[PDB]
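Participant: Here's a structure for you.
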Amino acid sequence: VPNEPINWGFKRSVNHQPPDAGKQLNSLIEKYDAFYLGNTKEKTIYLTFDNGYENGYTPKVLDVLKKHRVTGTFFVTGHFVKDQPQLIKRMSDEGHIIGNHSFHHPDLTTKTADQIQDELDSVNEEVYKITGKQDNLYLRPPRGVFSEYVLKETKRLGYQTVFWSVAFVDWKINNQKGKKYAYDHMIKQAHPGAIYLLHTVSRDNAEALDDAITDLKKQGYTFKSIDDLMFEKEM
C-alpha cells in the first residue's frame with residue numbers, strides 16, 4: 001500500500017506529440033516497472049490489444065498484422081483464452097506476444113496478493129496448456145484500474161505493467177461507428193513512441209487497422225513489439 005484506486009487516463013495526443021500523464025502519475029509509474037510510452041525519440045509505434053471476448057474479427061486482425069509483418073501484443077483474459085484456444089494458438093504460432101489481462105478481469109485493487117497471484121498465473125497456465133510456451137510477463141490491469149499496492153505486488157510477482165498512450169472507443173458493441181472512425185483516430189493520435197491500445201470486437205476494425213498501418217508506414221513510422229520496447233530501452 002497505498003492502495004488508492006487510480007484509473008489510467010491522460011489528455012490525448014495533440015500535434016502528433018506524446019501525451020503526458022502528469023508529474024504525479026509519471027512518478028508512480030517510474031517508481032515501479034510500468035510505462036505508457038516507448039521510444040519517443042524515434043518514429044515508432046507499438047500496437048497492443050485487450051481481448052476479453054471474441055466478436056468475429058480477431059482472425060482478420062491477425063491476417064492484417066501478418067500481411068504488414070507487424071508484431072502485436074495481445075492482453076487476454078481467462079475467459080478469452082478458454083473460449084478461443086485456436087486464436088491464442090495463432091497469436092503464438094504467428095509471432096505475437098500474449099500479455100496478461102487477468103483471469104476474471106477483476107478490479108485488482110480489491111484483491112489480496114494471494115488472489116492477484118492466482119488471477120495472473122492462471123492465465124499463463126491456460127495459455128501454456130495451449131501453446132507449450134510463455135512470453136515475458138506483461139500486465140495490463142483490468143478496467144485500467146490500479147494503485148501503488150497493485151503496481152508493487154504485480155512487480156514483486158515479476159510483471160511489467162503496460163499502459164498506453166493511444167486509445168479510443170472501439171469497444172461499444174451497441175454503437176459500432178465503422179471503419180473511418182477508428183482509422184482517423186489512429187492517424188490523428190499518432191506520435192513518436194506511441195503505445196496503441198486496440199480492441200478487435202468492433203465492425204471494420206481490422207480494415208481500419210490495415211489502412212492505418214499502410215498510411216502510418218508511408219508517413220515514416222516503424223511498428224515494433226513490446227519486447228522490442230523492453231529490449232531496446234535496456235540497451
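The chains in the C-alpha cells are called A, B, ... from first to last as shown; in each chain the residues are counted from 1, and the ligands are counted from 1 in the order shown.
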How would you write, as an NGL selection string, the set of residues in region 24-174 of chain A that DSSP gives as helix (DSSP H, G or I)?

Facilitator: :A and (24-31 or 58-67 or 78-83 or 85-93 or 108-110 or 113-131 or 142-144 or 148-156 or 173-174)

Participant: Per residue of region 67-125 of chain A within 10 Å of region 209-218 of chain A, which atom pair is closest and at what distance in Å (one decimal), using only C-alpha atoms, listed by chain and increasing number, as CSV?

Facilitator:
residue,atom,partner,partner_atom,distance
A:67,CA,A:210,CA,8.7
A:68,CA,A:213,CA,7.4
A:70,CA,A:213,CA,9.0

Participant: Can you list every residue of region 125-201 of chain A that has an atom at most 8 Å from region 26-46 of chain A, with its nearest atom pair and the distance in Å to one decimal, using only C-alpha atoms, ordered by chain then number, as a tab-separated table?

Facilitator:
residue	atom	partner	partner_atom	distance
A:148	CA	A:28	CA	7.1
A:151	CA	A:32	CA	6.5
A:152	CA	A:32	CA	6.8
A:155	CA	A:33	CA	6.3
A:159	CA	A:33	CA	7.6
A:160	CA	A:33	CA	5.3
A:161	CA	A:34	CA	4.5
A:162	CA	A:35	CA	5.6
A:163	CA	A:36	CA	4.5
A:164	CA	A:36	CA	4.4
A:165	CA	A:36	CA	5.7
A:190	CA	A:45	CA	7.9
A:191	CA	A:43	CA	7.3
A:192	CA	A:43	CA	4.5
A:193	CA	A:40	CA	4.0
A:194	CA	A:45	CA	4.9
A:195	CA	A:46	CA	4.8
A:196	CA	A:46	CA	6.1

Participant: Please produce a file of those selected residues containing N, CA, C and O atoms, as a PDB file, in the first residue's frame.

Facilitator:
ATOM      1  N   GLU A 148      -0.838   1.947  -6.031  1.00  0.00           N
ATOM      2  CA  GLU A 148       0.578   1.719  -5.768  1.00  0.00           C
ATOM      3  C   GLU A 148       0.778   0.284  -5.273  1.00  0.00           C
ATOM      4  O   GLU A 148       1.771  -0.373  -5.592  1.00  0.00           O
ATOM      5  N   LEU A 151       0.738  -2.104  -8.289  1.00  0.00           N
ATOM      6  CA  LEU A 151       1.989  -1.993  -9.037  1.00  0.00           C
ATOM      7  C   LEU A 151       3.107  -2.707  -8.283  1.00  0.00           C
ATOM      8  O   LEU A 151       3.880  -3.474  -8.865  1.00  0.00           O
ATOM      9  N   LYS A 152       3.173  -2.472  -6.977  1.00  0.00           N
ATOM     10  CA  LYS A 152       4.200  -3.084  -6.144  1.00  0.00           C
ATOM     11  C   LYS A 152       4.073  -4.607  -6.117  1.00  0.00           C
ATOM     12  O   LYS A 152       5.051  -5.336  -6.292  1.00  0.00           O
ATOM     13  N   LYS A 155       4.665  -6.256  -9.539  1.00  0.00           N
ATOM     14  CA  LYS A 155       6.081  -6.112  -9.869  1.00  0.00           C
ATOM     15  C   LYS A 155       6.855  -7.171  -9.105  1.00  0.00           C
ATOM     16  O   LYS A 155       7.768  -7.792  -9.633  1.00  0.00           O
ATOM     17  N   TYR A 159       5.881  -9.039 -13.023  1.00  0.00           N
ATOM     18  CA  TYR A 159       5.233  -8.397 -14.160  1.00  0.00           C
ATOM     19  C   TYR A 159       5.633  -6.972 -14.467  1.00  0.00           C
ATOM     20  O   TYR A 159       5.885  -6.152 -13.582  1.00  0.00           O
ATOM     21  N   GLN A 160       5.654  -6.700 -15.759  1.00  0.00           N
ATOM     22  CA  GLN A 160       5.943  -5.385 -16.293  1.00  0.00           C
ATOM     23  C   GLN A 160       4.548  -4.860 -16.621  1.00  0.00           C
ATOM     24  O   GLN A 160       3.847  -5.454 -17.444  1.00  0.00           O
ATOM     25  N   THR A 161       4.125  -3.777 -15.973  1.00  0.00           N
ATOM     26  CA  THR A 161       2.802  -3.247 -16.244  1.00  0.00           C
ATOM     27  C   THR A 161       2.840  -2.313 -17.445  1.00  0.00           C
ATOM     28  O   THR A 161       3.601  -1.332 -17.484  1.00  0.00           O
ATOM     29  N   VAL A 162       2.007  -2.626 -18.429  1.00  0.00           N
ATOM     30  CA  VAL A 162       1.970  -1.834 -19.641  1.00  0.00           C
ATOM     31  C   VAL A 162       0.671  -1.055 -19.764  1.00  0.00           C
ATOM     32  O   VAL A 162      -0.402  -1.644 -19.802  1.00  0.00           O
ATOM     33  N   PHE A 163       0.777   0.271 -19.804  1.00  0.00           N
ATOM     34  CA  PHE A 163      -0.393   1.114 -20.010  1.00  0.00           C
ATOM     35  C   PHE A 163      -0.389   1.455 -21.506  1.00  0.00           C
ATOM     36  O   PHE A 163       0.088   0.652 -22.313  1.00  0.00           O
ATOM     37  N   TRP A 164      -0.894   2.631 -21.874  1.00  0.00           N
ATOM     38  CA  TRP A 164      -0.972   3.036 -23.279  1.00  0.00           C
ATOM     39  C   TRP A 164      -1.011   4.557 -23.413  1.00  0.00           C
ATOM     40  O   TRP A 164      -1.170   5.268 -22.417  1.00  0.00           O
ATOM     41  N   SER A 165      -0.878   5.048 -24.646  1.00  0.00           N
ATOM     42  CA  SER A 165      -0.881   6.496 -24.906  1.00  0.00           C
ATOM     43  C   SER A 165      -1.837   6.846 -26.045  1.00  0.00           C
ATOM     44  O   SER A 165      -1.994   8.017 -26.404  1.00  0.00           O
ATOM     45  N   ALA A 190      -1.488   9.554 -33.680  1.00  0.00           N
ATOM     46  CA  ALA A 190      -0.145   9.036 -33.903  1.00  0.00           C
ATOM     47  C   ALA A 190       0.939  10.013 -33.427  1.00  0.00           C
ATOM     48  O   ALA A 190       0.864  11.232 -33.653  1.00  0.00           O
ATOM     49  N   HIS A 191       1.931   9.460 -32.738  1.00  0.00           N
ATOM     50  CA  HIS A 191       3.058  10.218 -32.234  1.00  0.00           C
ATOM     51  C   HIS A 191       4.223   9.272 -31.989  1.00  0.00           C
ATOM     52  O   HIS A 191       4.041   8.048 -31.873  1.00  0.00           O
ATOM     53  N   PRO A 192       5.441   9.822 -31.941  1.00  0.00           N
ATOM     54  CA  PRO A 192       6.645   9.034 -31.701  1.00  0.00           C
ATOM     55  C   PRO A 192       6.541   8.337 -30.351  1.00  0.00           C
ATOM     56  O   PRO A 192       6.183   8.963 -29.350  1.00  0.00           O
ATOM     57  N   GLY A 193       6.853   7.039 -30.332  1.00  0.00           N
ATOM     58  CA  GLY A 193       6.803   6.274 -29.099  1.00  0.00           C
ATOM     59  C   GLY A 193       5.421   5.834 -28.623  1.00  0.00           C
ATOM     60  O   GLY A 193       5.292   5.277 -27.521  1.00  0.00           O
ATOM     61  N   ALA A 194       4.395   6.043 -29.451  1.00  0.00           N
ATOM     62  CA  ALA A 194       3.035   5.700 -29.076  1.00  0.00           C
ATOM     63  C   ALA A 194       2.766   4.214 -28.833  1.00  0.00           C
ATOM     64  O   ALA A 194       3.237   3.329 -29.568  1.00  0.00           O
ATOM     65  N   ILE A 195       2.007   3.957 -27.775  1.00  0.00           N
ATOM     66  CA  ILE A 195       1.609   2.607 -27.456  1.00  0.00           C
ATOM     67  C   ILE A 195       0.102   2.595 -27.653  1.00  0.00           C
ATOM     68  O   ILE A 195      -0.664   3.144 -26.844  1.00  0.00           O
ATOM     69  N   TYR A 196      -0.309   1.995 -28.762  1.00  0.00           N
ATOM     70  CA  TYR A 196      -1.717   1.877 -29.100  1.00  0.00           C
ATOM     71  C   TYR A 196      -2.398   0.768 -28.317  1.00  0.00           C
ATOM     72  O   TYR A 196      -1.788  -0.281 -28.066  1.00  0.00           O
TER      73      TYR A 196
END

Participant: Tell me, as a list in words, which residues lie within 9 Å of residue 176 (chain A), counting only C-alpha atoms; anything in the same chain fewer than 6 positions away does not count.

Facilitator: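 Those residues are residues 170, 202, 203 and 204 of chain A.
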
Participant: Rounded to one decimal place, report the CA of residue 200 (chain A)-CA of residue 59 (chain A) distance in Å.

Facilitator: 9.3 Å

Participant: Please provide the set of residues having any atom within 8 Å of residue 21 (chain A), restricted to only C-alpha atoms, with same-chain residues fewer than 6 positions apart removed, written as a PyMOL selection string.

Facilitator: chain A and resi 9-11

Participant: Keeping only N, CA, C and O atoms, write the selected residues as an mmCIF file, in the first residue's frame.

Facilitator:
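Produced file selection.cif, reproduced below:
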data_model
loop_
_atom_site.group_PDB
_atom_site.id
_atom_site.type_symbol
_atom_site.label_atom_id
_atom_site.label_comp_id
_atom_site.auth_asym_id
_atom_site.auth_seq_id
_atom_site.Cartn_x
_atom_site.Cartn_y
_atom_site.Cartn_z
ATOM 1 N N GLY A 9 -5.389 7.148 -17.424
ATOM 2 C CA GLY A 9 -6.027 8.113 -18.297
ATOM 3 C C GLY A 9 -5.023 9.210 -18.569
ATOM 4 O O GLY A 9 -3.970 9.262 -17.923
ATOM 5 N N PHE A 10 -5.327 10.082 -19.521
ATOM 6 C CA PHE A 10 -4.414 11.164 -19.896
ATOM 7 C C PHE A 10 -5.074 12.019 -20.981
ATOM 8 O O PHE A 10 -5.971 11.568 -21.716
ATOM 9 N N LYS A 11 -4.626 13.256 -21.081
ATOM 10 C CA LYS A 11 -5.138 14.137 -22.104
ATOM 11 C C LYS A 11 -4.528 13.560 -23.379
ATOM 12 O O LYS A 11 -3.321 13.319 -23.433
#

Participant: Can you list, as a tab-separated table (two decimals) with C-alpha atoms, in the first residue's frame, all residues belonging to region 28-177 of chain A that DSSP tags as strand (DSSP E)?

Facilitator:
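selection-v5.tsv written:
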chain	number	residue	atom	x	y	z
A	34	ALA	CA	5.41	0.40	-15.62
A	35	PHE	CA	5.19	2.60	-18.73
A	44	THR	CA	7.94	4.11	-33.70
A	45	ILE	CA	4.54	2.77	-32.70
A	46	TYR	CA	3.77	-0.31	-30.63
A	47	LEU	CA	0.38	-1.98	-31.16
A	48	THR	CA	-1.30	-3.70	-28.19
A	49	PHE	CA	-4.75	-5.26	-27.87
A	50	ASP	CA	-7.13	-6.04	-24.99
A	51	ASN	CA	-9.07	-9.22	-25.63
A	73	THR	CA	0.87	-7.74	-28.08
A	74	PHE	CA	-2.49	-9.21	-27.08
A	75	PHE	CA	-3.57	-8.80	-23.45
A	76	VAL	CA	-6.02	-11.61	-22.83
A	97	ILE	CA	3.18	-11.62	-27.73
A	98	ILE	CA	0.44	-12.75	-25.38
A	99	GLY	CA	0.08	-10.38	-22.42
A	100	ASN	CA	-1.83	-10.80	-19.17
A	138	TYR	CA	3.42	-8.11	-19.14
A	139	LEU	CA	0.36	-6.87	-17.30
A	145	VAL	CA	-7.57	0.43	-12.63
A	146	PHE	CA	-4.51	0.13	-10.41
A	160	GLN	CA	5.94	-5.39	-16.29
A	161	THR	CA	2.80	-3.25	-16.24
A	162	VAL	CA	1.97	-1.83	-19.64

Participant: Rank nothing, just name the residue among A:183, A:149, A:221, A:8 nearest to residue 110 (chain A), using only C-alpha atoms.

Facilitator: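 The closest residue to residue 110 (chain A) is A:149.
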